[PDB]
Amino acid sequence: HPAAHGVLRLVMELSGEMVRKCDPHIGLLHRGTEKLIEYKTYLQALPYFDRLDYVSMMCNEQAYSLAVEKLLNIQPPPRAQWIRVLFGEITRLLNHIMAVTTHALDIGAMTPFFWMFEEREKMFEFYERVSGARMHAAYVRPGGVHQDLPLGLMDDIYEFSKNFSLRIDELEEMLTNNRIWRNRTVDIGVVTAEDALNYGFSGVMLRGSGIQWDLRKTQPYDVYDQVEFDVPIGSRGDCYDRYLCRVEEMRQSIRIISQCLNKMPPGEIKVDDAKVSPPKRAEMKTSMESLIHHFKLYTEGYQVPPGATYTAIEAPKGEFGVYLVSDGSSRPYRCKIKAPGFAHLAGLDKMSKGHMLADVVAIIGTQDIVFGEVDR
Amino acid sequence: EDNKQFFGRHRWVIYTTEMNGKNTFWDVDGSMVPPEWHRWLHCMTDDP
Amino acid sequence: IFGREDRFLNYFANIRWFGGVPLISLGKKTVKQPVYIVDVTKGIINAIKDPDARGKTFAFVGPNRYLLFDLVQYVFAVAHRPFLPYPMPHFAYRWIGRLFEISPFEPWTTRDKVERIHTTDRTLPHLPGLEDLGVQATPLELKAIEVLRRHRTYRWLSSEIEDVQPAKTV
Amino acid sequence: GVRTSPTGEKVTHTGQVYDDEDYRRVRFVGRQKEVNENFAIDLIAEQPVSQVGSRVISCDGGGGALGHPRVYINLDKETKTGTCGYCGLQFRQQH
Amino acid sequence: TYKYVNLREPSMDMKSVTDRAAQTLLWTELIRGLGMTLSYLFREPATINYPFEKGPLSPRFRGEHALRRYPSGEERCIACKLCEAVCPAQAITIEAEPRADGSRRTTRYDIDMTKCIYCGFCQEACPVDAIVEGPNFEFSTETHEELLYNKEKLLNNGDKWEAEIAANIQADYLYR
Amino acid sequence: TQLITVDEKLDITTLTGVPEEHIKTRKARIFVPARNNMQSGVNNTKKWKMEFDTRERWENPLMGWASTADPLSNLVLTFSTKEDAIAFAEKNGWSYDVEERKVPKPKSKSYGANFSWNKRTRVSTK
Amino acid sequence: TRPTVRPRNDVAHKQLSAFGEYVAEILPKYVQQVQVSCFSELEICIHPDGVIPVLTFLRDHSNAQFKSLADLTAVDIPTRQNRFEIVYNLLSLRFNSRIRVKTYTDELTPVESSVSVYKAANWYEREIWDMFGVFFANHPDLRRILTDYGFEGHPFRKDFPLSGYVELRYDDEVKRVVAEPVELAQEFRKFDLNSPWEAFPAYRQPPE
Amino acid sequence: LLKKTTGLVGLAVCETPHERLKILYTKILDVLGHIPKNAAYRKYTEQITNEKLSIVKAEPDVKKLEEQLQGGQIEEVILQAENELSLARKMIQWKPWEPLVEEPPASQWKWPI
Amino acid sequence: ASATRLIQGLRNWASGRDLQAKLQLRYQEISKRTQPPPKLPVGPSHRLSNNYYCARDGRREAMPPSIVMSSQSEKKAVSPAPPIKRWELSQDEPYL
Amino acid sequence: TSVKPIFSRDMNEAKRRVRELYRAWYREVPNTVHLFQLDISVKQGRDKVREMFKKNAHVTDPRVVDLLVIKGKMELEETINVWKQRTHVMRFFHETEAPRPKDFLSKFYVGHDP
Ligand code: SF4
Ligand code: SF4
Ligand SMILES: [Zn+2]
């Protein structure tokens, strides 16, 4: 179905056209990720997180890296943290363009899809220049980032962030003021604050309901406390307020991208602990301890101290959590991925009460749901 | 090459009509470019 | 051999487009024992695996011998179509049978198909069969519905296997 | 230096060749068997032995960081030439 | 640290009410959307003319795999099995034995391209720069088993794309 | 009291979904793993392990890879004590073989014994 | 220890220890163990029979207000007689904190469902029933959510192998997708990567 | 102040916050009076509810009371009082001040194994 | 930026903005495809003196979790943390 | 030895639940034959139900049979609604797997397995 995000089976009991019951059957994209993660090392399970949320790759990379660094009692260098935050905001722009354009496509506006996919292609070019792959970068690693930026990337990011404001202005001229766009979103999917809190909703689902909660402001991480940005707050809980919140989040992401471009510090890219991060390739072919550590890191992997932790970040879809349990070996004993899509699809049944078929597809679109992270 | 065009359109290739014994007048291929020109065509370097 | 992609049961189910399924003397003199395709495939596989099957001449036959009239009756009863046969002579059958063969594409029927349809199956008990290769012969009543469910209309598409009267064998 | 089997098949540098009675040659009829005609042993046998005037020598393969890890080779024995473990280049003390 | 999105109160005065009624009865913002589409009609389209006009890439690009050689003819790999130990999808199979001159060289080096995820762990865990991820990406086949590369195919790919792989490594080796 | 009395042995053979062929024909082995003699560390000989018998592995016709048909070929289970492993074994209805732990015998080292006066423990050289 | 070692937070550690003592002394009937990790996370290991009276407390007390259920998880450790470890993660927006509540059960003993506390768990523990076999008593709709319709067994159990006991392929004789016993073309090569030398002396268990 | 909206969806504006808060706090104290004194839940809930009731009684304004109660809007304060009362009734029904039900197994909370 | 002035004027009128200042198609203003080779610096642990690993180990400073209450006063009630401060309004675009 | 029951206090309630589940399955079989358009008879489906019920006939534990009843009710609910396909229903009839060797001699002939 062009409406469902790839794989999704709504068994819908309808009273002609009005929905009476919705049963989302999922598991068509269940790959069984968190058993094969237990069957692989930490560096080998790092590319697993690029495919859960296949439009938020470096956000999941940062979540996994933060969890592993918390278990390892180490921290990345400041330049690595600034690179991670800048590319996380680029990734947030990617995810929000995908969400708004696909949602307008299922509503019926197919033109902003083609308008914003050019900017999506430019950000993919930035991804390819920084890592070598367009989507699944495998760039953010525990200890910092794998490689430094190629020269001249900052100027290209600056030009793109200069023109992206006009692109957002064109999109908002197209969609926000339109009456037909409002008629599909003014009074569709109203969620109260208490019902959103009790259903495990996180991210925009809270912020469209007037609940002031952002994980980059309340429980911040590496250098998100050094930047300045605003948090959009909804008033009615409908799809219109949350679409406006997503557009405002794109604006604030542009603001954070500019602030990160103007404040990048010099230094290294990895942690200097050679028992966690691999050494430089010139040092590997010259020094002895560097070659030994390179061998034991690319064959066995580092040893994580035993214990369990739960590290959560603010992915563009909401709170993205990793529950990691390590038994002291070089492979994780348990690694559960908490994605917002599970809770949002669970709340979809209460979201679509007394609505219509097109109202159900608008409610499905207004929750930016990918099923790789839903089915794990 | 024509650098007045925008990025992505400033370099192009007209394929031959005879490559390794095959009549490629119509059936052009993207893998018919030698690697030394594949560096320049894919904008990986500024030097042909 | 009958099956999903055969030209034996499907041919009988497709005579209904032309008219009222004519036969030679109503087809009450020719005896046939059709065999399932999977039984023949298992027999061939076992003969490949059998070192004692070399040099023999097997004869693969079905379990029950039917007349042609009752076979067409059972085919049309499973397919849930009206069955209105009529006498038609042997010489006039080939005359219209050769009319369908002048098509440049795959013909619907020929004179040879008419001859082989109205030829009674000989019995050769001396030739070893499917039972000597360890293959049980599946009767037509178990797979006829599976073959002929494609030819039913929407009205009787959902009827079960047991809602039919099996034909009389000889 | 690729030799040809009596069946007509080519022999790789490993020495792999399907037998006359091997059925798997059905994968090659109507197609080609992909082998490489640049054998590494024959090409490394053409490299001349380098005469040096030191007891030990250091080898990195050339290019610096684009080569193998740097190793040290002893050339005390005069009957045989010391060979690099990675690159296969052989050196000899000229005394 | 937060802003009240969509809480603005509309006006009440007669001129603004007349303006809103005129916009209602005459469809002004629909004309605005029409004008934006008409503006996008008269721009230069961003479509490149494939296959004569390839998209831009980077020297760090990850594509088809290849096996390099030293600049004397000797193959670079010494069968250390780091790449098959670091490959997350277990796409690499290595079997080795000492050859005629006593050199540690491979006998079987198989990469399953349908298992490979193209992440460059093997090209960054290789201590002698033997296995590389070349820049080729136009190698789609019509059959499944043609994507099961043995050692001979990888060596042929290395000999085919060495003139580009060496330049890419010379460009990007200082960042590693 | 919301409690019942159950006196029968535990049996989760019908709930685990394993086919009977891999239940009545398998023979698990519970053992402390042997120390690798090429190394000197003893940290790999701390926890008991449950392993299964090795079934047939053949060669692929196409690439020569190690094809298998045994689902339990790579199943290693870790237990702290022998009793926990034996309880997990009889819970799932697996026939088991238990090997005793082979703790090395302590020695009596002496550096002066290399320089004896009337004994044979004198070192030839050092 | 400045540029590489992660900085230590002691105020959060002291506050979490004080709140753990507060929770333990409020509910002595169900709370068994309270611990604080080195990276300032609080774990409350409780009896299964107090799954409901604890959680609602943390949902409704004026000093806790853990209104959000972040993640519901299960851990399979076969070395214990109660092999399944159900873990609740709670987020408090009012006091800006996170807590973890752990409980234990085996295969046969059911545990009380918390759908009357957080409705997100209506799916979450259902997922556990699909992948661990822990039956959650008093559930509205408990069935499979991720595996195949005709799937047998719980895949995330540690005694369950990586590849399943069945596989699907298309058969043209029956014109259907059929299930057959698995036959891997290449076996998953099991790697022995454990270092034989002791790594962390701080976690050294005493010998028997 | 006469707030037009509380800022959240599905939450109605309370016209009289002081009287409703006093009623809820007095009802909570009367319910907690039944619990035995040796239970720590009664002492802690009585302490925090008495402090909150003194804060509500002392401040005649709404914005100053909201800013010094440290609970945000007064509507979520009233909702938290309702939830505390419901918890008090459930805790009377449950009685968790009894000693421990059962000791855990010897290898239940040991990590790593 | 190759179209004639009539098309640019009609486009600017129909859009309502100025599109020639910000074009979505890249031109010669972008960075060159070839760059001078870099020289990445070293980190703080690249020293020859006073660089003992035991004084800067990260993993070895981890400890087992501090168990507080186990089953083998008139203190104030305590929250997990002090309550979160009320969010201030944005001074740039308050939308009020 | 005191454990927590699931549904049945003893064996009688558990076997009563087994009986009710068998009644429900026996009533349900003709509907799944009719709706899925299977090419098998009703007696074949009922004997398959009887075989699946008699496969677990050696269980003498109330909690295990309670879990078996719960799983059977789950499968019955999954087959009352058309959530199973024709493949999922027909997977109980192994129509594509050849019968394995049974005696010692054929198992000796065909492989090393016991
Ligand atoms: S690129 Fe990655 S997945 Fe592919 S062969 Fe190399 S290590 Fe394996
Ligand atoms: S990592 Fe390099 S040298 Fe080692 S086995 Fe692989 S290709 Fe050969
Ligand atoms: Zn060398």
# chains A, B, ... in the order shown; residues from 1 in each chain; ligands from 1

$ select_by_dssp --residues "chain C" --states "alpha helix (DSSP H)" --output "short mmCIF file (atom, residue, chain, number, x, y, z; two decimals) with C-alpha atoms, in the first residue's frame"
data_model
loop_
_atom_site.label_atom_id
_atom_site.label_comp_id
_atom_site.auth_asym_id
_atom_site.auth_seq_id
_atom_site.Cartn_x
_atom_site.Cartn_y
_atom_site.Cartn_z
CA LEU C 9 -9.05 -32.14 -17.43
CA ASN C 10 -8.67 -28.51 -18.54
CA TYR C 11 -9.55 -29.53 -22.10
CA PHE C 12 -12.76 -31.18 -20.87
CA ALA C 13 -13.60 -28.12 -18.78
CA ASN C 14 -12.96 -25.89 -21.82
CA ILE C 37 1.24 -36.00 -12.06
CA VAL C 38 2.99 -36.24 -8.68
CA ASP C 39 2.66 -40.04 -8.73
CA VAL C 40 4.40 -40.15 -12.11
CA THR C 41 7.11 -37.77 -10.87
CA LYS C 42 7.73 -39.91 -7.78
CA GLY C 43 7.84 -43.01 -9.98
CA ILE C 44 10.47 -41.41 -12.22
CA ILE C 45 12.49 -40.31 -9.16
CA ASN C 46 12.33 -43.81 -7.65
CA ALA C 47 13.31 -45.35 -11.00
CA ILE C 48 16.33 -43.03 -11.06
CA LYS C 49 17.18 -44.21 -7.54
CA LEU C 68 -15.49 -41.46 -20.66
CA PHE C 69 -19.11 -40.35 -20.20
CA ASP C 70 -18.96 -40.63 -16.41
CA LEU C 71 -15.52 -38.97 -16.41
CA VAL C 72 -16.84 -35.92 -18.29
CA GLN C 73 -19.91 -35.96 -16.02
CA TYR C 74 -17.70 -35.88 -12.92
CA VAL C 75 -15.54 -33.13 -14.45
CA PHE C 76 -18.58 -30.94 -15.10
CA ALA C 77 -20.04 -31.77 -11.68
CA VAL C 78 -16.85 -30.66 -9.91
CA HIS C 90 -17.12 -40.10 -35.58
CA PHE C 91 -16.52 -38.81 -39.11
CA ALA C 92 -18.04 -35.39 -38.38
CA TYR C 93 -15.95 -34.97 -35.21
CA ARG C 94 -12.67 -34.95 -37.17
CA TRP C 95 -14.16 -32.50 -39.69
CA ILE C 96 -14.52 -29.77 -37.06
CA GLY C 97 -11.47 -31.06 -35.17
CA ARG C 111 -8.09 -34.71 -35.18
CA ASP C 112 -5.34 -36.55 -33.28
CA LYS C 113 -6.60 -35.17 -29.96
CA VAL C 114 -10.07 -36.47 -30.84
CA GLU C 115 -8.60 -39.89 -31.72
CA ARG C 116 -6.58 -40.13 -28.50
CA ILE C 117 -9.45 -38.90 -26.31
CA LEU C 140 -8.90 -38.62 -9.10
CA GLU C 141 -11.39 -37.75 -6.34
CA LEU C 142 -8.66 -36.24 -4.14
CA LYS C 143 -7.15 -33.82 -6.69
CA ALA C 144 -10.01 -33.20 -9.15
CA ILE C 145 -11.32 -30.29 -7.07
CA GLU C 146 -7.80 -28.82 -6.83
CA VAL C 147 -7.45 -29.05 -10.62
CA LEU C 148 -10.94 -27.80 -11.51
#

$ residues_near_ligand --ligand "ligand 2" --cutoff "10 Å" --atoms "only C-alpha atoms and all ligand atoms" --output "JSON, numbers by chain"
{"A": [295, 298], "D": [68, 86], "E": [66, 67, 68, 75, 76, 77, 78, 79, 80, 81, 82, 83, 84, 85, 86, 87, 92, 93, 94, 95, 96, 105, 106, 109, 121, 122, 123, 124, 125, 126, 127, 128, 129, 130, 131, 132]}

$ write_last_selection --atoms "C-alpha atoms" --output "PDB file, in the first residue's frame"
ATOM      1  CA  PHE A 295      45.374  -6.543  16.142  1.00  0.00           C
ATOM      2  CA  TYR A 298      40.124  -5.554  15.098  1.00  0.00           C
TER       3      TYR A 298
ATOM      4  CA  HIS D  68      53.588  -2.968   5.092  1.00  0.00           C
ATOM      5  CA  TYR D  86      55.524  -9.207   3.674  1.00  0.00           C
TER       6      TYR D  86
ATOM      7  CA  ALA E  66      39.432  -5.386  -4.913  1.00  0.00           C
ATOM      8  CA  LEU E  67      42.803  -6.881  -4.000  1.00  0.00           C
ATOM      9  CA  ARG E  68      45.866  -4.687  -4.453  1.00  0.00           C
ATOM     10  CA  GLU E  75      50.094  -9.467  -4.082  1.00  0.00           C
ATOM     11  CA  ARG E  76      49.795  -7.518  -0.850  1.00  0.00           C
ATOM     12  CA  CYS E  77      47.778  -9.961   1.274  1.00  0.00           C
ATOM     13  CA  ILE E  78      49.679 -12.156   3.727  1.00  0.00           C
ATOM     14  CA  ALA E  79      46.602 -14.075   4.994  1.00  0.00           C
ATOM     15  CA  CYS E  80      46.392 -12.522   8.450  1.00  0.00           C
ATOM     16  CA  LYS E  81      42.587 -13.090   8.635  1.00  0.00           C
ATOM     17  CA  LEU E  82      41.841  -9.738  10.274  1.00  0.00           C
ATOM     18  CA  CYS E  83      39.247  -8.839   7.638  1.00  0.00           C
ATOM     19  CA  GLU E  84      37.251 -12.044   8.088  1.00  0.00           C
ATOM     20  CA  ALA E  85      37.471 -11.616  11.868  1.00  0.00           C
ATOM     21  CA  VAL E  86      36.173  -8.026  11.690  1.00  0.00           C
ATOM     22  CA  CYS E  87      33.556  -8.550   8.948  1.00  0.00           C
ATOM     23  CA  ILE E  92      34.823 -13.135   3.993  1.00  0.00           C
ATOM     24  CA  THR E  93      36.176 -16.696   3.921  1.00  0.00           C
ATOM     25  CA  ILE E  94      39.959 -17.176   3.988  1.00  0.00           C
ATOM     26  CA  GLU E  95      41.988 -20.381   3.695  1.00  0.00           C
ATOM     27  CA  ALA E  96      45.782 -20.270   3.572  1.00  0.00           C
ATOM     28  CA  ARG E 105      49.867 -16.486   0.941  1.00  0.00           C
ATOM     29  CA  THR E 106      46.176 -17.233   0.542  1.00  0.00           C
ATOM     30  CA  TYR E 109      39.699 -15.691  -0.545  1.00  0.00           C
ATOM     31  CA  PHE E 121      35.748  -2.526   8.022  1.00  0.00           C
ATOM     32  CA  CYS E 122      37.977  -4.832   5.961  1.00  0.00           C
ATOM     33  CA  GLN E 123      39.704  -1.982   4.122  1.00  0.00           C
ATOM     34  CA  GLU E 124      40.446  -0.247   7.439  1.00  0.00           C
ATOM     35  CA  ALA E 125      41.475  -3.369   9.382  1.00  0.00           C
ATOM     36  CA  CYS E 126      43.933  -4.488   6.692  1.00  0.00           C
ATOM     37  CA  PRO E 127      47.499  -3.872   7.949  1.00  0.00           C
ATOM     38  CA  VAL E 128      49.135  -4.036   4.499  1.00  0.00           C
ATOM     39  CA  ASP E 129      46.472  -2.188   2.422  1.00  0.00           C
ATOM     40  CA  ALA E 130      45.674  -5.381   0.522  1.00  0.00           C
ATOM     41  CA  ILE E 131      41.878  -5.444   0.388  1.00  0.00           C
ATOM     42  CA  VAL E 132      40.291  -2.163  -0.685  1.00  0.00           C
TER      43      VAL E 132
END

$ residues_around --residues "region 7-20 of chain F" --least-positions-apart "6" --cutoff "7 Å" --atoms "only C-alpha atoms" --output "ChimeraX atom specification"
/F:91-93 /G:152-153 /J:1,56,61

$ closest_atom_pairs --of "chain E" --to "chain B" --cutoff "9 Å" --atoms "only C-alpha atoms" --output "Markdown table"
| residue | atom | partner | partner_atom | distance |
| --- | --- | --- | --- | --- |
| E:46 | CA | B:8 | CA | 8.6 |
| E:47 | CA | B:9 | CA | 8.7 |
| E:48 | CA | B:9 | CA | 6.3 |
| E:49 | CA | B:9 | CA | 8.1 |
| E:50 | CA | B:30 | CA | 8.1 |
| E:51 | CA | B:30 | CA | 5.3 |
| E:52 | CA | B:13 | CA | 5.1 |
| E:53 | CA | B:12 | CA | 4.9 |
| E:54 | CA | B:42 | CA | 5.7 |
| E:55 | CA | B:8 | CA | 5.8 |
| E:56 | CA | B:43 | CA | 5.0 |
| E:57 | CA | B:42 | CA | 5.7 |
| E:58 | CA | B:44 | CA | 5.3 |
| E:59 | CA | B:44 | CA | 5.7 |
| E:135 | CA | B:39 | CA | 8.8 |
| E:136 | CA | B:31 | CA | 8.6 |
| E:137 | CA | B:31 | CA | 9.0 |
| E:138 | CA | B:31 | CA | 6.1 |
| E:139 | CA | B:31 | CA | 7.9 |
| E:160 | CA | B:35 | CA | 8.0 |
| E:161 | CA | B:35 | CA | 6.2 |
| E:162 | CA | B:35 | CA | 8.5 |
| E:163 | CA | B:36 | CA | 6.5 |
| E:164 | CA | B:35 | CA | 5.7 |
| E:167 | CA | B:39 | CA | 8.8 |
| E:168 | CA | B:44 | CA | 8.8 |

$ write_last_selection --atoms "N, CA and C atoms" --output "mmCIF file, in the first residue's frame"
data_model
loop_
_atom_site.group_PDB
_atom_site.id
_atom_site.type_symbol
_atom_site.label_atom_id
_atom_site.label_comp_id
_atom_site.auth_asym_id
_atom_site.auth_seq_id
_atom_site.Cartn_x
_atom_site.Cartn_y
_atom_site.Cartn_z
ATOM 1 N N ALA E 46 17.052 20.169 -11.904
ATOM 2 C CA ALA E 46 18.282 19.612 -11.363
ATOM 3 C C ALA E 46 18.556 18.198 -11.854
ATOM 4 N N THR E 47 18.013 17.822 -13.006
ATOM 5 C CA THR E 47 18.139 16.466 -13.516
ATOM 6 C C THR E 47 19.395 16.332 -14.370
ATOM 7 N N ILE E 48 20.245 15.375 -14.015
ATOM 8 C CA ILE E 48 21.435 15.067 -14.792
ATOM 9 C C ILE E 48 21.086 14.016 -15.839
ATOM 10 N N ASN E 49 21.876 13.974 -16.913
ATOM 11 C CA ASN E 49 21.591 13.116 -18.063
ATOM 12 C C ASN E 49 22.419 11.838 -17.961
ATOM 13 N N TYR E 50 21.921 10.901 -17.163
ATOM 14 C CA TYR E 50 22.548 9.593 -17.051
ATOM 15 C C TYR E 50 22.338 8.803 -18.344
ATOM 16 N N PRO E 51 23.325 7.998 -18.783
ATOM 17 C CA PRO E 51 24.656 7.701 -18.241
ATOM 18 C C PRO E 51 25.775 8.594 -18.761
ATOM 19 N N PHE E 52 25.424 9.658 -19.479
ATOM 20 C CA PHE E 52 26.432 10.576 -19.987
ATOM 21 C C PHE E 52 26.877 11.589 -18.947
ATOM 22 N N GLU E 53 26.138 11.725 -17.849
ATOM 23 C CA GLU E 53 26.379 12.760 -16.846
ATOM 24 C C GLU E 53 26.273 12.118 -15.468
ATOM 25 N N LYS E 54 27.389 11.592 -14.975
ATOM 26 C CA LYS E 54 27.386 10.911 -13.689
ATOM 27 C C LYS E 54 27.290 11.913 -12.547
ATOM 28 N N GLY E 55 26.662 11.481 -11.457
ATOM 29 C CA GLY E 55 26.562 12.287 -10.267
ATOM 30 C C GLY E 55 27.902 12.440 -9.580
ATOM 31 N N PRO E 56 28.074 13.529 -8.835
ATOM 32 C CA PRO E 56 29.338 13.746 -8.126
ATOM 33 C C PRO E 56 29.549 12.731 -7.014
ATOM 34 N N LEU E 57 30.819 12.403 -6.777
ATOM 35 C CA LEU E 57 31.185 11.464 -5.725
ATOM 36 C C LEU E 57 32.339 11.999 -4.891
ATOM 37 N N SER E 58 32.903 11.145 -4.045
ATOM 38 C CA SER E 58 34.013 11.468 -3.169
ATOM 39 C C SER E 58 35.092 10.407 -3.311
ATOM 40 N N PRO E 59 36.356 10.748 -3.031
ATOM 41 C CA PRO E 59 37.413 9.722 -3.064
ATOM 42 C C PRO E 59 37.269 8.654 -1.991
ATOM 43 N N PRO E 135 35.995 2.287 -6.120
ATOM 44 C CA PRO E 135 34.915 3.245 -6.375
ATOM 45 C C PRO E 135 33.848 2.770 -7.344
ATOM 46 N N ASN E 136 33.997 1.585 -7.930
ATOM 47 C CA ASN E 136 33.009 1.085 -8.875
ATOM 48 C C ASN E 136 31.714 0.718 -8.161
ATOM 49 N N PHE E 137 30.588 1.112 -8.756
ATOM 50 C CA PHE E 137 29.280 0.715 -8.260
ATOM 51 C C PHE E 137 28.365 0.193 -9.358
ATOM 52 N N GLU E 138 28.802 0.218 -10.615
ATOM 53 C CA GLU E 138 28.009 -0.286 -11.732
ATOM 54 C C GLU E 138 28.496 -1.691 -12.072
ATOM 55 N N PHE E 139 28.106 -2.653 -11.231
ATOM 56 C CA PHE E 139 28.499 -4.041 -11.436
ATOM 57 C C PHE E 139 27.349 -4.998 -11.142
ATOM 58 N N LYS E 160 42.199 -4.306 -12.657
ATOM 59 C CA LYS E 160 41.377 -3.448 -13.501
ATOM 60 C C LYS E 160 41.285 -2.028 -12.956
ATOM 61 N N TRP E 161 41.222 -1.873 -11.632
ATOM 62 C CA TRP E 161 40.978 -0.571 -11.020
ATOM 63 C C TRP E 161 42.149 -0.075 -10.174
ATOM 64 N N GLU E 162 43.356 -0.611 -10.382
ATOM 65 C CA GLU E 162 44.517 -0.141 -9.631
ATOM 66 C C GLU E 162 44.836 1.318 -9.929
ATOM 67 N N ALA E 163 44.689 1.735 -11.191
ATOM 68 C CA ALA E 163 45.026 3.098 -11.597
ATOM 69 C C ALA E 163 44.141 4.149 -10.938
ATOM 70 N N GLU E 164 42.992 3.749 -10.403
ATOM 71 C CA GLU E 164 42.109 4.620 -9.642
ATOM 72 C C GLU E 164 42.235 4.410 -8.139
ATOM 73 N N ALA E 167 45.323 6.216 -6.724
ATOM 74 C CA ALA E 167 45.103 7.655 -6.612
ATOM 75 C C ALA E 167 44.180 7.992 -5.448
ATOM 76 N N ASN E 168 43.125 7.196 -5.245
ATOM 77 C CA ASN E 168 42.217 7.442 -4.126
ATOM 78 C C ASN E 168 42.915 7.246 -2.786
#

$ atom_distance --atom1 "CA of residue 85 (chain C)" --atom2 "CA of residue 20 (chain C)"
5.4 Å

$ residues_around --residues "residue 71 (chain F)" --least-positions-apart "2" --cutoff "7 Å" --atoms "only C-alpha atoms" --output "list in words"
residues 69 and 73 of chain F; 161, 163 and 165 of chain G

$ write_last_selection --atoms "C-alpha atoms" --output "compact mmCIF listing (two decimals), in the first residue's frame"
# COMPACT_ATOMS: atom_id res chain seq x y z
CA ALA F 69 21.91 -29.17 8.78
CA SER F 73 25.81 -26.65 16.06
CA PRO G 161 19.60 -21.22 18.39
CA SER G 163 18.90 -19.86 13.00
CA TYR G 165 14.35 -24.88 13.19

$ residues_around --residues "region 78-89 of chain F" --least-positions-apart "3" --cutoff "8 Å" --atoms "only C-alpha atoms" --output "number ranges by chain"
F: 28, 30, 47-50, 92-96; G: 78-81; H: 113

$ write_last_selection --atoms "C-alpha atoms" --output "PDB file, in the first residue's frame"
ATOM      1  CA  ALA F  28      24.699 -32.648  25.823  1.00  0.00           C
ATOM      2  CA  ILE F  30      28.499 -30.352  30.779  1.00  0.00           C
ATOM      3  CA  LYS F  47      32.399 -21.211  34.399  1.00  0.00           C
ATOM      4  CA  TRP F  48      30.780 -24.505  33.457  1.00  0.00           C
ATOM      5  CA  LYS F  49      29.640 -24.914  29.858  1.00  0.00           C
ATOM      6  CA  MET F  50      26.985 -27.001  28.142  1.00  0.00           C
ATOM      7  CA  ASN F  92      14.562 -29.551  28.875  1.00  0.00           C
ATOM      8  CA  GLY F  93      14.814 -33.349  28.634  1.00  0.00           C
ATOM      9  CA  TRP F  94      18.363 -33.668  27.278  1.00  0.00           C
ATOM     10  CA  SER F  95      20.557 -36.667  28.014  1.00  0.00           C
ATOM     11  CA  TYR F  96      23.809 -35.357  29.464  1.00  0.00           C
TER      12      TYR F  96
ATOM     13  CA  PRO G  78      19.841 -19.594  32.271  1.00  0.00           C
ATOM     14  CA  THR G  79      22.206 -20.031  35.240  1.00  0.00           C
ATOM     15  CA  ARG G  80      19.458 -19.149  37.754  1.00  0.00           C
ATOM     16  CA  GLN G  81      16.402 -21.154  38.741  1.00  0.00           C
TER      17      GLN G  81
ATOM     18  CA  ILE H 113      27.314 -14.876  36.749  1.00  0.00           C
TER      19      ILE H 113
END

$ residues_near_ligand --ligand "ligand 3" --cutoff "9 Å" --atoms "only C-alpha atoms and all ligand atoms" --output "PyMOL selection string"
chain D and resi 58-62+67-72+83-90

$ residues_around --residues "region 1-10 of chain A" --least-positions-apart "4" --cutoff "10 Å" --atoms "only C-alpha atoms" --output "list in words"
residues 21, 22, 23, 24, 25, 26, 27, 28, 29, 102, 103, 105, 106, 107, 361, 362, 364, 365, 368, 369, 370, 371 and 372 of chain A

$ select_by_dssp --residues "region 15-203 of chain G" --states "strand (DSSP E)" --output "ChimeraX atom specification"
/G:31-36,42-46,68-76,84-92,97-105,111-112,136-137,166-171,176-181

$ atom_distance --atom1 "CA of residue 127 (chain A)" --atom2 "CA of residue 90 (chain A)"
9.4 Å

$ residues_around --residues "residue 51 (chain F)" --least-positions-apart "5" --cutoff "9 Å" --atoms "only C-alpha atoms" --output "number ranges by chain"
F: 27-31, 73-77

$ atom_distance --atom1 "CA of residue 44 (chain E)" --atom2 "CA of residue 28 (chain E)"
27.2 Å
